[PDB]
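Have a look at the structure below, then the notes.
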Ligand SMILES: Nc1ncnc2c1ncn2[C@@H]1O[C@H](COP(=O)(O)OP(=O)(O)OP(=O)(O)O)[C@@H](O)[C@H]1O
Ligand SMILES: Nc1ncnc2c1ncn2[C@@H]1O[C@H](COP(=O)(O)OP(=O)(O)O)[C@@H](O)[C@H]1O
Ligand SMILES: Nc1ncnc2c1ncn2[C@@H]1O[C@H](COP(=O)(O)OP(=O)(O)O)[C@@H](O)[C@H]1O
Ligand SMILES: [Mg+2]
Ligand SMILES: [Mg+2]
């Protein structure tokens, strides 16, 4: 109980401290300095705090910077991956072979040319042929091209 | 179209009668279908249609 | 003991570095030789930073205590006064006022703004080409030399007769005749501010940005006392204005019109002399071609027999050619050719010798080079089109 | 020995140097010690250092720095900075409180640089090319030989050719020689395409050309390979706001970069195409590009060599004759041959065998080489 109460009374005191900025690391320098873009304007180089291994501040990660004399003092949860954001914007509906129906030979061909090179890159090596890297899908609109690409 | 780039060209023609029936079954799985619906009849009634 | 000696040498280098300064280039730092910490502390404690603003107006400009309306860019506009170290006459109504923080008054007059793109055009390193590296265009060299150098070298011979030297030249000719070569020669030989501009460098994505940088270029030239500007590939922006019906080339025509007004308008153009290099001197606007803006149009026609012989001599000066040259035979054998063709012929003769693994290039090698560069490549030639152009 | 005494005359002066450097370092009064000066540098550079543009340099110890917010502070530049590598447009490190120029930046490269640079050696080599003996010889004389044995050219008194054009029908080994040159060369390889040069806004095309060649100079010795240069021409795209005339101005920027006012460093240009008649002759002129070399369709012997190269790794069936393919007397290309071999392997794995057969090769014929 006493620890709880003391925690509250020090809470009132330590909540008046300046809030810490959040900036995205773009590149890590030597001598314990990191290039950080602080939201929404400003690109600084901040000395890392002596509690964070600079090896963990890999580019494109959110980090807290102390209010006065910006000092990376915490690695916040990583920002949404740019690819994740791009795919969320595009919103290609998720697909699977069971949702696909009526084009089984086409499933087989796309399976060969996509599945096998990445899963079994030894069949092609034994055959002596370069792994296929380009697929083109003929067909009128809405016949399952994007569906099959997403499913594979 | 140069024969060195598109390692494979697949063709997705308009669904056959059987393909249309399969598509109709797949896309009707997700609704209350009253018992005994002739999805084959519906597929036949809609020729030359895409998925 | 050789390896021991190298090991000791590198250890000595490592120790010298470890005790003097080794690697600080990540944050663009300098070697510690020129580190005047004693002076930089006084600099930071005695020279306060100054935010750059612009003096908009001078309220009560009379001898009475004046007031200056400054506009600190993107920050705010204020009414301020001068520092007691700054004379009133040193500041006008358009100079970059350069005011301090904290009662924005500690003034430092500051020059006009120049776009970094425009200012990264002065020719700092002079080209390694000289007037002796250009052959077969003696009269063209004489005229260009007159216009660009002679007023800038001996102005007395012009003010004595009261002449205004021509200020503007258009070097025009097929692809490869010494246009850019002569521009480089002028830049090398000139003791003045040489500013190269590329027609493609005046195409900018936002309306009024080409004309804006033309204005900035010309006013920077004006700030400098003696300036030669050189618009190479002027075909890019310099084209006859056509109405069309969809507003095509309106922006490039606007920047060209800005250049026209800067060359000859309601203003003394200053001590700026301009070169225009082109291989299509048929699109250029008539206003641009007016001899108030391009006074001394020069044609870099394809060299005649004597010019081709001279160019062959120039390009074969440093080669390992054999005794008998017959460069006159080569010149007659490759007529209506360019200096580019001739240099390629010389280079191909050298490469034929190298391929044969010889150290002497002979007349047979030169004839093979002519067959390769003049005959075989005849189908890629630009002269048949650009002579009409 | 003479060289040993030279290195000794080096090491002795070096030892002299360390003796003097120490002597001075100790007689310094517990200050100015290299570490002490570095700590003072850290003290005077502030804990955060804002990155801002350098708009212009007025003189040593002064400069106008544009902060990220747009302010245009006229501020001193301290002894720390090299007073070098500083050109308008550069990034600069500014003390937070006084905005003093206390460092420089741009130690990183741009995404355009990363994409253009080929940070890899393509697996194809000159040995993997069959039939282009003269083309290989000429491209080597242009790109590799001047880099590996500059003595030949310097003694002969000539400069090597600046550019080479690989012109040939749709598939003859042009990009293949580009790949081989990239594989074998020690210079930095920068790959671009014509459609990739065709930009969207007005002035982006010329800007991209200038950026590409500036990167080439910065990374010199470099080889700039522009594949399908005729794409800047033949192809028309709606994204291009300016259109045909903006394309012309991009081509003019290419002209200037290939041979213009600025003196080039060590940047050899390779440029490939299958429609050389559409290129501007001014672009192709000898000063900018000499060595216009053709890539004709392989003859019978060359076709046999291509098939040997592309079947060297396949377990051809004993009955397979790599002669009917060649006997097919059409405009057969090396790309066609490779595609035939690859699709024969594809049918091999489809029908579950690891050995390719005559029937597989024939159905590959009928499939890819539709004739
Ligand atoms: N008259 C000449 N004398 C000597 N060398 C010449 C001459 N003309 C061309 N050359 C050679 O050709 C190159 C100079 O061509 P330059 O760049 O000046 O051409 P240009 O006329 O400006 O053409 P473009 O229309 O292609 O821009 C250099 O290699 C130079 O050696
Ligand atoms: N073969 C198929 N089987 C099942 N559904 C299909 C098929 N082809 C198309 N569809 C349906 O049609 C819709 C649009 O198809 P889409 O992926 O856009 O085809 P395309 O890429 O050819 O335009 C999807 O919602 C999908 O469920
Ligand atoms: N000797 C050869 N001649 C022609 N093509 C070859 C040769 N050897 C391999 N190839 C194949 O040709 C393809 C390259 O063709 P490329 O030169 O890019 O034609 P283009 O550039 O005209 O499109 C590669 O896939 C390669 O495997
Ligand atoms: Mg030129
Ligand atoms: Mg290619």
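Cβ coordinates were reconstructed from backbone atoms using ideal geometry, including for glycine residues, and neighbour counts include every protein chain displayed. No lab work stands behind these numbers, since they all come straight from the coordinates.
Each peptide in D:223-236, D:20-33, D:182-195 gets a packing score, the mean of other Cβ atoms within 10 Å over its residues, and the list from highest to lowest is D:223-236, D:182-195, D:20-33. Normalised size of the range C:291-388, defined as Cα radius of gyration per 2.2 N^0.38 Å with N residues, equals 1.22.
Measuring spread by the Cα atoms of the range D:187-329 yields a radius of gyration and Dmax of 19.8, 63 Å. Sorting D:310, D:99 by the number of Cβ atoms found within 10 Å of their own Cβ, with the fewest placed first, yields D:99, D:310.
Scattering from the protein assembly as shown was approximated by placing one identical point on each alpha carbon and applying the Debye formula without solvent; log10 I(q)/I(0) at 0.07 1/Å stands at -0.87. Between residue B:34 and residue A:84, the modelled label-to-label distance comes to 4.7 nm, taking each label 7 Å out from Cα in the direction of the beta carbon.
Evaluating kT/(6 pi eta Rh) at 25 °C and 0.890 mPa s, with the Kirkwood radius of the range A:1-133 over Cα pairs in the Stokes-Einstein relation, gives 123 µm² s⁻¹. The mean number of partner chain beta-carbon atoms within 10 angstrom of a residue's beta-carbon across peptide D:250-258 is 5. Peptide A:21-32 shows a mean partner chain C-beta count of 2 within 10 Å per residue C-beta. With each label modelled as a point 7 angstrom along the Cα→C-beta vector, the residue D:68-residue D:294 pair spans 5.9 nm. For the segment D:137-146, counting C-beta atoms of other chains within 10 Å of every residue's C-beta and taking the mean gives 1. Panel note: the C-alpha atoms of chain D, placed on their principal axes, show extents of 90, 66, 52 Å (largest first).
Report, for chain D, the % of DSSP beta bridges that are antiparallel, rounded to 5.
Taking every DSSP beta bridge within chain D, about 45 percent pair in antiparallel fashion.
For the range D:100-178, the square roots of the Cα gyration tensor eigenvalues, ordered a ≥ b ≥ c, give a/c of at least 1.5 with a/b no greater than b/c, which places it in the oblate category. Label positions at residue D:1 and residue A:41, each projected 7 Å from the Cα along the C-beta direction, are separated by 6.6 nm.
Placing a label point 7 Å from the Cα of residue C:15 along the Cα-to-Cβ direction, the residues of the range D:1-41 whose backbone N falls under 13 Å from that point are D:11-23. Radius of gyration (Cα atoms) of the range B:4-51, expressed as a multiple of 2.2 N^0.38 Å: 1.53.
Please give the length that would be gained between residue D:275 and residue D:236 if that part of the chain were fully extended, namely 0.36 nm times their separation in residues minus their C-alpha to C-alpha distance (nm, one decimal).
12.5 nm
The mean of 1/r over all pairs of different alpha-carbon atoms in the range C:1-145, once inverted, gives a Kirkwood hydrodynamic radius of 21.6 Å. Of the peptides D:54-65, C:180-191, the order by per-residue mean of other Cβ atoms within 10 Å, starting with the highest, comes out as C:180-191, D:54-65. What's the whole-number percent of alpha carbon pairs in the range C:158-267 lying beyond 18 angstrom? Here the tail beyond 18 Å accounts for 57 percent of pairs.
Calculate the all-directions average of the projected area of the range C:203-359's alpha-carbon convex hull, and give it in nm².
Over all viewing directions, the range C:203-359 projects a mean Cα-hull area of 14.1 nm².
The fewest-to-most ranking of C:26, C:40 by surrounding Cβ atoms within 10 Å reads C:26, C:40.
Cα centroids of the range D:98-122 and the range D:321-345: 45 Å apart. Shape class for chain C: oblate, because the ratio a/c of the largest to smallest gyration tensor axis (alpha-carbon atoms, square roots of eigenvalues) is 1.5 or more and b/c is at least a/b. Ordered by the count of other Cβ atoms within 10 Å of each Cβ, fewest first, D:71, D:312 give D:312, D:71. Rounded to the nearest 10 degrees, the angle from helix D:174-184 to the longest Cα principal axis of chain D is 50 degrees.
Quick one, can you get me the convex hull of the C-alpha atoms of the range C:317-363 expressed as volume per residue in Å³? Working shown, then result.
Details: hull volume 3.4 nm³, N = 47.
Once divided by residue count, the hull of the range C:317-363 is 73 Å³.
With Cα atoms defining each centre, the range D:188-230 and the range C:248-326 are spaced 27 Å apart in the structure.
Between the helical axis of D:300-311 and the dominant principal axis of chain D, each derived from Cα atoms, what acute angle in degrees is found, rounded to the nearest 10? The angle comes out at about 70 degrees.
Write down the percent of antiparallel bridges among all DSSP beta bridges whose residues are both part of the protein assembly as shown, to the nearest 5. List each step's numbers first, then the result.
On the way: 56 of 101 bridges.
For the protein assembly as shown, the DSSP antiparallel bridge percentage is about 55.
Rounded to the nearest 500, the helix-only mean residue ellipticity at 222 nm of chain D stands at -12500 deg cm²/dmol, with each DSSP H run of n ≥ 4 adding -39,500 (n - 2.57). Relative to the first principal axis of the alpha-carbon coordinates of chain B, what is the inclination of helix B:17-28, with its axis defined by its Cα atoms, in degrees from 0 to 90 and to the nearest 10? Its long axis makes an angle of about 60 degrees.
Distance between the C-alpha centres of the range D:1-24 and the range D:263-288: 51 Å, rounded to the whole angstrom. Rounded to the nearest 0.05, what FRET efficiency is calculated for residue C:355 and residue A:131 with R0 set to 51 Å and r the Cβ-Cβ distance? So, using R0 = 51 Å, E works out to roughly 0.85.
Based solely on its DSSP helices, what 222 nm [θ] is calculated for chain C when runs of n ≥ 4 H residues each add -39,500 (n - 2.57) and the sum is averaged over all residues, nearest 500 deg cm²/dmol? Please list the in-between numbers first.
Working: 15 runs with 143 residues, N = 389.
Mean residue ellipticity at 222 nm (helix-derived): -10500 deg cm²/dmol.
Ranked by the mean number of other Cβ atoms within 10 Å of their residues, highest first, the peptides C:342-350, D:252-260 come out as C:342-350, D:252-260.
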